Amino acid sequence: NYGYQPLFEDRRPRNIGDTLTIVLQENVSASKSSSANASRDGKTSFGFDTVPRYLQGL
Amino acid sequence: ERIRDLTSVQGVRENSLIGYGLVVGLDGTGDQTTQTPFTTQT
């Protein structure tokens, strides 16, 4: 003799020892990224090609 | 006679029960099961 069993309810596991099907469908995906940058240029110049006489002292 | 018509007794009350079932034996006046899946499932 087994216990009371419902009629219209689905067959769910209810006690220790009942079986149940697992459908393994796992799909995980993670990601990350980053960056950084910096820059600097400089260029100076000056040239007195032909100096007049009254400025030759400087 | 009269007091029983005016009062109730503490601890003497009613409760409600609900359930799901199927009714068979209809003359073709049942569900159109193509739109009530729980009928065929149960």
# chains A, B, ... in the order shown; residues from 1 in each chain; ligands from 1
call {"tool": "interface_residues", "arguments": {"of": "chain A", "to": "chain B", "cutoff": "10 Å", "atoms": "only C-alpha atoms", "output": "number ranges by chain"}}
result
A: 7-10
call {"tool": "write_last_selection", "arguments": {"atoms": "N, CA, C and O atoms", "output": "PDB file, in the first residue's frame"}}
result
ATOM      1  N   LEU A   7      -4.902  12.889  -8.455  1.00  0.00           N
ATOM      2  CA  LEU A   7      -5.332  12.439  -9.770  1.00  0.00           C
ATOM      3  C   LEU A   7      -4.988  13.418 -10.879  1.00  0.00           C
ATOM      4  O   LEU A   7      -4.464  13.011 -11.917  1.00  0.00           O
ATOM      5  N   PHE A   8      -5.269  14.704 -10.691  1.00  0.00           N
ATOM      6  CA  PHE A   8      -5.051  15.694 -11.733  1.00  0.00           C
ATOM      7  C   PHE A   8      -3.760  16.475 -11.562  1.00  0.00           C
ATOM      8  O   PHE A   8      -3.325  17.135 -12.509  1.00  0.00           O
ATOM      9  N   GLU A   9      -3.141  16.421 -10.390  1.00  0.00           N
ATOM     10  CA  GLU A   9      -1.905  17.148 -10.172  1.00  0.00           C
ATOM     11  C   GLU A   9      -0.759  16.498 -10.931  1.00  0.00           C
ATOM     12  O   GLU A   9      -0.716  15.279 -11.114  1.00  0.00           O
ATOM     13  N   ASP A  10       0.180  17.329 -11.374  1.00  0.00           N
ATOM     14  CA  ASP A  10       1.341  16.833 -12.092  1.00  0.00           C
ATOM     15  C   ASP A  10       2.177  15.934 -11.192  1.00  0.00           C
ATOM     16  O   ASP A  10       2.116  16.008  -9.963  1.00  0.00           O
TER      17      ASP A  10
END
call {"tool": "select_by_dssp", "arguments": {"residues": "chain B", "states": "helix (DSSP H, G or I)", "output": "MDAnalysis selection string"}}
result
chainID B and resid 3:6 37:41
call {"tool": "atom_distance", "arguments": {"atom1": "atom CA of residue 3 of chain A", "atom2": "atom CA of residue 20 of chain A"}}
result
19.3 Å
